[PDB]
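Protein chains in written order, with PDB author numbering: chain S, 7 to 52, 100 to 134, 146 to 203; chain Z, 62 to 85, 100 to 121. We treat Cβ as the ideally placed atom computed from N, Cα and C, and that holds for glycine.
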């Protein structure tokens, strides 16, 4: 969720397009060989029609949740049973985008805010001089 | 903890307030002048 995978050279041996974007999804570390696409690939060695083929097979699925060429697409990782999702990866600018939560991003927010709050609090807290008659005064 | 410390300072303020609340013949003369006046004029001069 914290990382960004890019194989900018992978565009160069092919060019970066849709079926390409699928395959380039396969090239990056974000890809899993435990998916059905790897099985289909290996079987082939030994874009709609692909989606047609995924309907026959049972397992985890990765499909195309966008086309903005030649830049952006969502690629959806979903668990098909009715189709349940899993996570959603975006493809923008020849870089694989990590699908970071919901909850985790919010966690990041809270963490940061709290941290600097603490810093300010201590730094200022050192400053005041207290006398019973004078209360708290800043010298 | 900070609130607690502030409360201690408050107790100090109270104590200080309390402390601040807590904190906030004739013949003798006629004879003596008779001499004084005499000696002072130096009128005697004899």
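Beta-carbon neighbours of residue i, restricted to chain S and to distances below 7 Å
{"i": "residue 112/Z", "result": "In chain order: nothing, as chain S lies at least about 55 Å away."}
Counted within 10 angstroms of its Cβ, other Cβ atoms place residue i as buried (16 or more) or exposed
{"i": "residue 43/S", "result": "buried"}
{"i": "residue 109/S", "result": "exposed"}
{"i": "residue 115/Z", "result": "exposed"}
{"i": "residue 19/S", "result": "exposed"}
{"i": "residue 83/Z", "result": "exposed"}
{"i": "residue 115/S", "result": "buried"}
{"i": "residue 102/Z", "result": "exposed"}
{"i": "residue 39/S", "result": "exposed"}
Chain Z within 8 Å of residue i, Cβ atoms only
{"i": "residue 197/S", "result": "yes"}
{"i": "residue 194/S", "result": "yes"}
8 Å Cβ cutoff, residue i in contact with chain S
{"i": "residue 62/Z", "result": "no"}
{"i": "residue 74/Z", "result": "yes"}
CB of residue i within 8 Å of CB of residue j, strictly
{"i": "residue 113/S", "j": "residue 132/S", "result": "yes"}
{"i": "residue 9/S", "j": "residue 158/S", "result": "no"}
{"i": "residue 167/S", "j": "residue 70/Z", "result": "no"}
{"i": "residue 179/S", "j": "residue 163/S", "result": "no"}
{"i": "residue 66/Z", "j": "residue 199/S", "result": "no"}
{"i": "residue 156/S", "j": "residue 124/S", "result": "yes"}
{"i": "residue 150/S", "j": "residue 128/S", "result": "no"}
{"i": "residue 12/S", "j": "residue 160/S", "result": "yes"}
{"i": "residue 15/S", "j": "residue 100/S", "result": "no"}
{"i": "residue 62/Z", "j": "residue 196/S", "result": "no"}
{"i": "residue 104/S", "j": "residue 46/S", "result": "no"}
{"i": "residue 170/S", "j": "residue 126/S", "result": "no"}
Beta-carbon neighbours of residue i, restricted to chain S and to distances below 9 Å
{"i": "residue 103/Z", "result": "Ordered by position in chain S, no residue passes the 9 Å Cβ test against residue 103/Z, which lies about 50 Å from the chain."}
With a threshold of 8 Å, are at least 3 pairs of Cβ atoms found where one atom belongs to the stretch 173-185 of chain S and the other to the stretch 16-35 of chain S? no
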